[PDB]
Structure formats: structure tokens, C-alpha cells
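Chemist: test case, fold it:
(5 chains, ligands or ions: 2)
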Amino acid sequence: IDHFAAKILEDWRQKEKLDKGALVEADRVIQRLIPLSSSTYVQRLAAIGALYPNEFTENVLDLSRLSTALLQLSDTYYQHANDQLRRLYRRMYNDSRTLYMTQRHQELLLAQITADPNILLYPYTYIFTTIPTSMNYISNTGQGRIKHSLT
Amino acid sequence: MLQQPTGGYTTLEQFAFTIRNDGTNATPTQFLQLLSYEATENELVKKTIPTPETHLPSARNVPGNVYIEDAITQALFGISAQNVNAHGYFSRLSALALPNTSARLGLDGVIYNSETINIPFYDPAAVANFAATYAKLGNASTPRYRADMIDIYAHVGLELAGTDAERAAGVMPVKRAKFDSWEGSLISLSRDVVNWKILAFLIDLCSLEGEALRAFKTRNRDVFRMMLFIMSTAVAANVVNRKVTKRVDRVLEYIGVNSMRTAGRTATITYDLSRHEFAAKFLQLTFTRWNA
Amino acid sequence: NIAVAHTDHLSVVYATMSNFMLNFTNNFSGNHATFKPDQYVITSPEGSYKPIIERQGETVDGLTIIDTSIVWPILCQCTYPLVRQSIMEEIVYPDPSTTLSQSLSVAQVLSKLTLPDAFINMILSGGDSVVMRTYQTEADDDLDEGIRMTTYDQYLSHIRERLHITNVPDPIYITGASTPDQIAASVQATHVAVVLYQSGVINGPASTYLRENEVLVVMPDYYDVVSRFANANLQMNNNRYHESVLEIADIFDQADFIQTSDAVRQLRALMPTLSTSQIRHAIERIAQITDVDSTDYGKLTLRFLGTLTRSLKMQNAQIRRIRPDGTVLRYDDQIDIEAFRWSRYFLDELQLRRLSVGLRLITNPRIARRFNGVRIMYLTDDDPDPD
Amino acid sequence: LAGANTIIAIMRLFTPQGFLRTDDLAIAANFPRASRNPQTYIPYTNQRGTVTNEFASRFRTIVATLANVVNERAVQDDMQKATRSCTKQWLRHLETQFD
Amino acid sequence: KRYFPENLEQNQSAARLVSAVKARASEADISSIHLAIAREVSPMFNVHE
Ligand SMILES: Nc1ncnc2c1ncn2[C@@H]1O[C@H](COP(=O)(O)OP(=O)(O)OP(=O)(O)O)[C@@H](O)[C@H]1O
Ligand SMILES: [Mg+2]
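Modeler: Numbering: from 1, shown residues only, chains lettered A, B, ... in the order given. Ligands and ions are numbered 1, 2, ... in the order given. Sharing the structure here:
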């Protein structure tokens, strides 16, 4: 669990950078681990990991106890108010062995397989279109009380 | 020598493929009509099947007349078969691969080392086309040439459960098969299928070309689907029954998903790992011919 | 001076003893911080479970107490063939057979040792049953027809744990907002046809679904139950119902969990009402009849064990891990070994394959020669034909 | 009660498993009876199924509950820690005697 | 008697439990057992304690 979590943080930070359009020297396109056999909880981490939830970018999760928050995040997505995100998370949970990845990652995997024809990469892989979400949460871990000016 | 018609050997009444059902010799198509599928949230997309290897495994110097059809059918649908890659007599098919070989493949499903009296056998050209592909079953165990045993099952699902639109799409929801059922229905189904003379099917499949081939592919789609069905039950994660008001619906979850299971169960035939590798190979070759 | 003898010699002994047949458990992960033994139990739905690992206070003739002081002689007063360099003992490489045979013998005893219990518990596997009321929702409904209902207690006491074994999502609660399609999805997902009542009046199309599909509603209690349904037909009534037993085989159907073949159904039909005592007597009798073959090492191990088996229930008994927290886990497809998913009534595969044919012999009309009922009448026997 | 749920739960273990029976025969015989509607509780009824027994299975849920109770009983001494687990094994024994 | 599983009575960790059970578990006597079953149905006049 701790391993999968650290890897999910690494992949999320990397994708967070890729989506900004910056050139990256990633050592590998999908940094996160793939369970081959694990318990329930690792399958949950695999699922929210592959989702690339908006909540990470907003810093809504606390990294002080990363895996815990990650588990909690899955709990919301397992019963998410959104239908698309719920069914997507469920589907990812039921096929943990598959490596879910965005189309934009997948084209990078293609460029890699083009430059090195005999490169090995994990063969069981579904390509999902990401679900947009409009809720821009404010957030800031780190000391400082907010001084609201109420309207 | 048995002549091959303008259609396949399968056109001959001698080679009818028919599961027992409701006390009668039902055609596979009229069994598959009983089948119904509940969709689930998961999706199968079919990846390209890798081209089968150029290699034909050596037909080792074997004095005996190998019973090949029995070996294949038991490896695919056999209730009790295991360690199917230990003996490795599948390689023997490559004895038939050579031009003007003395060896004959009898209708009995035996590979005689030389033509012998009062044993009818398939036309050697046809068998050569058939061996040029299916001898590769003989390298189903060798590490370099093993088939993927996970992704290939997607094709199985599409070729079985898939509606024509799902087949055109190349992507269908993972499904859950069900049918009104008698006791031991899948065991009996698989045993009705082990008795099928499938080398007739595979030989017409490899020998026929042009419209005569395509006319075969439509005519025997349901047969191929029955073979695929038995394999599907062999690899299904679970196979329950449902009470439905004094009737029972057998239900397998899930079509198109290999669970990699190997512990035996009463409901259906089970694959040992060797049978998994073999079946994966068989599907590789057969689906390759089926989509060309 | 002895490190040479441990690392280069004891280690190969440990390495082979690890492969011995009866050494079946994983012993240690190498992480003191996190290791705990996997904790299997032989759970039954209709009994209390037995942990395999237990602090049961049997000492096995003192084998369980550990004298750590044993390290002192090891370090300080023992010779080893490698330690002795310079004389040369020449290493011993013991014949496999002497242990192998022993293992076999044990494995061969404990194999067939449970057979008679396994056979009877296979027969009676579908035989547990819940009391259920069947309210009639419309005029001219035979007492078998109508909506079916059981108390939450009965569901919790039989149906639930069996769902956990069968490894399915818990059945949906019905709230009166429930469309028939939702109940349909529920029964499709958990193959037993059961839903739990929760709250609110249940709409009539749903009632037609529950009636037409023989779904078993699990009422919290039988208090003013007709208020719970939208009896627009005004036929359903609190006094109008029929109590009856409902066998576990009549709701569940799973080939390796619960025998459900019609033959064994008829066998149960012919059985007298039973009790754990009667069942145990049957098993003791089948054991009395088949006196098993045993190699001398098997007789030895048998007397070592070496007596009671009677206590544990086996009604639908399965092998399943508990959490250390004490909860009995569901079979995890990615953890627990595949053989544990269904104890096949603890019978061998060939025994099942034969067993089916036996069901075919039993159900056969020609051997069905116990006759029921009779007709007193005062005719002359002019032309005697038995038929 | 609002927050004494475990206590109400355990108290439910004491609920009788029988049925109230009107004294039909004594009434037909015109036997003396102080109540305007004579009846007596019968502690338990006939087993209805072929194999399962409602009484025994009830005692089984009772000892399940009691084992959950004993398991949650925090203790300080090591010996108490032992007697807890032994108590749990003993309950698992009682259930079989009762069945 | 059948108060304890084998071999919980022998076990040294069970000692407190076993003494508890032994302090509760009375010896069987037909007259006392019969009296209990009969008390269940017999009318009570002097209140029981
Ligand atoms: N986050 C999740 N993702 C996928 N499935 C879940 C999740 N949470 C629960 N489940 C499903 O429910 C079952 C667990 O039940 P439950 O949620 O009551 O307890 P849990 O495992 O502690 O999870 P939670 O912490 O959400 O309570 C699992 O078998 C799983 O299939
Ligand atoms: Mg790295």
C-alpha cells in the first residue's frame, strides 16, 4: 500500500506537469504501479490512481498520510455523485490488472514503441477518455488562517 | 481418400456437429439461441492478434500413428485432460505439412505414417494447408512461442456474445451468459463437443478460399461459437445456477474474461496451466484464419 | 567457528525440509514488523467455526514451549561435520523415501478419514431451511402462490453467511421507490432471489415482480405487513398468508457448494426429520461399514491424533480466512488459494464424477421398488396379475 | 435508547423463543382457571424443518453476540487476556452442546 | 459432565475460566431438574426470589 501510494503521487505529479504542456524528462510515461495480485485496498489505490482525480490538483487531499486520503478518495468515487466517474472507478476496480491510461499518455507510449521497436511495455491496457469536472476547490496546506470578507 | 466438396468436408452429413438438447440432436445454432447475456460495467476491446510464428515444430521420429483429433479435442474440451504439453505429439501435424509426404490424416483423426488400406483419409493438399498452420499447436508450450492467454479471450467474447454492431465496433461490454438448464448441462455440452470431428472444421477452415471459404464462415459460425463457448465455461471465474420459478438458469460470469483459474470444479471442465497455454495457442491460430 | 556449519550445511537442510509435502504453510516473511500467519478457519453457516491456528492449550507433549537457552549448546557444546574440517566425517545425504513414505501415509489417512462425514454432509447440504410466510396478493391464489417473506433474523441466521460464501454483493434494500428493474438487477447480481425490506410502502409493479419471480422479501418483523405493500388490489391481508419451510437448496444453487440435483432432493424427501445426533449416528455407521485400509505408519499417526471429530459442524463448511480482528473474510480471488473457494464437500474429483452416475442409478425407475399405499377391496382373484 | 444500544442489544438475548398458548383442553374440560382468557407460555415449539432447529440456531446467534462482547472487553492483565480467548473457545463449545 | 472442550480443562491459561464455570455448574439431580420444569407451569403464590 505504501509503495503504490508513493508511486501514485509520482505519476500524478508527472501527469500534472504533462498536462501543462511542459517538456518533461520522464523516465517512464505511466509512473504508477500495476497490481498483478493484491488485496482490495491496493486495487482501490490502483483505481483512483488511474483516474487522475481533480482533487489532487486542488490539493484537497492531505499528503501527510497519503495512502489514507487516497483510500478515502476511492470511497467517494465508489459512490460518486457523478455517474460517469463512479462507473469508471468501478470498472477500473474490477480490472485492476489492466493498466488504464489516457489517450494522451497512449500516444507517448506509441512514440516510445516507434523509437525502440523491441521495447517491452505492459500489454493489458484500456484507454479511457477523462471525465471533466467544473468544481474548482480552493485549498492551501501550510500555516495561515484565512481572513474572509463575507459578501 | 475422401474427396473435398466445393464446400467443405463440413457439408458432408458424415461430419455434422450437434449437441444433445431437449432429448434431440440439436445443431449448435439452436443451442446458442437459448443463450442470453446480461451486460456488466466492464468493457472488452479487441487488440490485434499477433501473427503466429513462422516455426513449425519438429515432428520427431515417431513410429506410431498418433491419435491427434483426440489429443486436441480433449485438450480443449476434455473433462479430465492435463499436462497436455508433456507428450508434445501435436508437433506431429508437421509431418503432414510437407509436399508429397507419405503420411495420411485419417477421418479417424489419426496421423498414419503411411497410407494404409481401408482407412479413409483427408485430401493431402487440404491437410497440408491445415498442418502449415495447426502444427504450431506443437509449440504452444515453448516459451518463445507462447500465445497471450488473457487478451485473446476478448475475441472469444466478440465472436460469441457480441451483437453485430459490437462486432463491427471491435468493442463490447463484458457479458454474463445464461440459459435454461438441465443438470450437468455444461459437462454434457463439453462431452458432446469432444466427440465433434473438429479436424473437418479446421481443415475446411484452412483449405477453402474465395467465396467458397466465406460461405463456410457463415455456415459454421455457430459451431465455432460452440467451441468458444466450451472454452469460455472452462475459463469462467464462476458458474452459478438461478432458481426462476421451478426452472433453472445456468449463468456464467464472464464471457470474454479469462480468470486464469485452475482449481477443478464440478460445473465445468477446468484448464491446467498447460491447457491454458494450448487453448491460447489454438485461439491464436484459429482466430487468425477466421479473420482474413 | 560454527557459522561455517550453519550457513553452509544447516541451510541446505532447511532448504530441502521446506519442500517436504506436509510442510504446507508459509513460515515467516523475514519481517518481524508486519508478519502474521495467514489465519484460515473451517467455517460453517449453521455452526461455530474452527480456526486452524488456535491457542488451544494442547501442548503436543511439550512441543509448544520454547527453550531459547537451546542456543547455548549450539554455539558452545556441539560438533558439526563441517566444523570438524583435520578429520573428515563426509556429509550424509538421507534417502528421501523414509520421510516421503511417511508423508504419503499421513496424506493417505487424513485424505479418506473424513469421507463418511463428507458424503452425508454433501447429501444434507441443501437441507437447511428457513421458515417463510407467503401472503396472497390476489383472489384464487393457491397457498403456495403469493409474495414470500422471512424475518430478518432467519436471513441473518442462514441466507446471509451463505451469500458471503457464495461471494456476492449484499442484496438490495427495497424502499417503495424501488422499480422492478432495480430488484431485477439485484437478483441478477446476487444469484439468490432475495431482497431486504427497508422502509415505506412498496409500489404495485414491484409487488407483481416479487410475486411473479418468487423473490423472497426479508421483513424486519411481521407487524402490520400489508401496510408495507400498496395493496391497490385490496386482496392482500394480514391474516391471509401461508407459513412453510423453504430449503436452502430451493433458493441457492451452486454446483460445489450445495448439492441440488433432483436425485438428492428425492433422497431428502424420503428422509425422516433429523437432528445433529441422528446425522452423527449415520456418519458413525458409514464409518462402521467402510473400515479403511491403513499402512502401519498410518495406524500410528491415527492413534497419535487420535480420536474425536464429532464436534465441528460441516453443513456447508468451507475454508476461509478470518481477519485478526475476528471477522470471517470472503474468499479473495487474489489471495486465498484457489482450492479453498469451494470445499467440494471435501470429496475428491473422481468421487464427484462417479457420484453423478450414482445419482443416475438411484433415480432409475427399475430399482424404485418400495411401494406406497394400498387398496382394500373384496374382489375374487380370478386372473392373478401383479400389475 | 439514544446511546445505550449495546445494552438493549444484549437484553434482546433474553427474549423468549416460545409461543403463548391458550389452554384449549382445560377450557373444554371446564377446569378451574383464574384468568378470563386462560393461556400459558410454552418455552419452545416443534422443529419444523427436516434439519435446521430454530432454537439451537438462536442460541448460536446468542453466543455469537456474546463472543463479540467478550472480544471487545478491554483488559489489562495478561492472564485476563488469556481467559478472554479461552472464554471465546468455551462459548464455541457450548453452542455445540446446545445444538 | 460436558462443560469443557478437550482439552481446555487441562490448559493452564484457562484456569480462571474453568474455576468460574465450576463455581456455577451444579451437579445434576433428578428431583431438582424436575422441580424446575414443573415450577415453570405450577402457580406461584409466595413470590420467588
Ligand atoms: N472504495 C471502494 N472501492 C471499491 N469497492 C469498495 C470500496 N469500498 C467498499 N467496496 C466494496 O464493499 C466491500 C467492503 O465493504 P465496506 O465498504 O462496508 O467495508 P470496507 O472494506 O472497510 O470499505 P469502507 O472503508 O468503504 O467501509 C468490498 O468487498 C468492496 O467490493
Ligand atoms: Mg524510479
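Chemist: separation between the residue sitting nearest the centre point of chain C and chain D?
Modeler: Central residue of chain C (CA atoms, centre = their mean): residue C:317, 2.1 Å from the mean position. Remark: distance between residue C:317 and chain D (CB to the nearest CB, to the nearest Å) = 13 Å. Using the backbone N, CA and C atoms, a C-beta is placed for each residue, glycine as well.
Chemist: just give the nearest non-adjacent residue to that residue, would you?
Modeler: In this structure, residue C:317 finds its nearest non-sequential neighbour in residue C:44, 4.2 Å apart by CB to CB, 6 or more residues apart in numbering or on different chains.
Chemist: surely residue C:164 and residue C:330 touch.
Modeler: Yes. With contact defined as CB atoms under 8 Å, residue C:164 reaches residue C:330; the gap is 5.5 Å.
Chemist: OK, contacts around residue 95?
Modeler: By default, I'm working from chain A. Contacts for residue A:95 (CB atoms under 8 Å, 6 or more residues apart in numbering or on different chains) come out as A:126, B:42.
Chemist: wrong chain, I was asking about chain D
Modeler: Applying CB under 8 Å, 6+ apart to residue D:95 gives the contacts C:47-48, D:59-60, D:63.
Chemist: is it within a helix or a strand, and which one?
Modeler: Residue D:95 belongs to helix D:78-98 when assigned by DSSP states H and E.
Chemist: correct me if wrong: residue E:13 contacts residue D:83.
Modeler: Yes. Contact between residue E:13 and residue D:83 holds when scored by CB under 8 Å: they sit 7.2 Å apart.
Chemist: higher neighbour count, these two?
Modeler: residue D:83 (22 against 18; other CB atoms under 10 Å in any protein chain shown).
Chemist: show me what contacts that one?
Modeler: With contact set as CB under 8 Å, 6+ apart, residue D:83 has these partners: E:13-14, E:16-17.
Chemist: with residue C:39 instead?
Modeler: Residue C:39 touches C:51-53, C:321-324, counting by CB under 8 Å, 6+ apart.
Chemist: okay but the residue nearest to residue C:317 is in contact with residue C:311, surely?
Modeler: No. Using CB under 8 Å, residue C:44 is not in contact with residue C:311, being 11.6 Å away.
Chemist: separation between the residue with the largest distance to the centre of chain D and chain A?
Modeler: Computed with CA atoms, centre = their mean, the residue of chain D farthest from its C-alpha average is residue D:30, at 34.7 Å. Residue D:30 sits at a distance of 66 Å from chain A (criterion: CB to the nearest CB).
Chemist: and that residue, backbone torsions?
Modeler: The phi/psi pair for residue D:30 (degrees, to the nearest 10) reads phi 60, psi 40.
Chemist: next one: residue B:7
Modeler: Dihedral angles for residue B:7 - degrees, to the nearest 10 - are phi -90, psi -160.
Chemist: what separates it from ligand 1, distance-wise?
Modeler: 51 Å (CB to the nearest ligand atom, to the nearest Å).
Chemist: which residues sit in contact with that residue?
Modeler: Contact analysis of residue B:7 by CB under 8 Å, 6+ apart lists B:204, B:208, B:212, B:215-216, B:219.
Chemist: next: residue B:284.
Modeler: B:49-50, B:52, B:147-148, B:152.
Chemist: ok so it is a helix residue?
Modeler: Yes. According to DSSP: H, G, I helix; E, B strand; the rest coil, residue B:284 belongs to a helix.
Chemist: tell me which stretches of chain D form strands.
Modeler: D:19-22, D:39-42 (DSSP state E).
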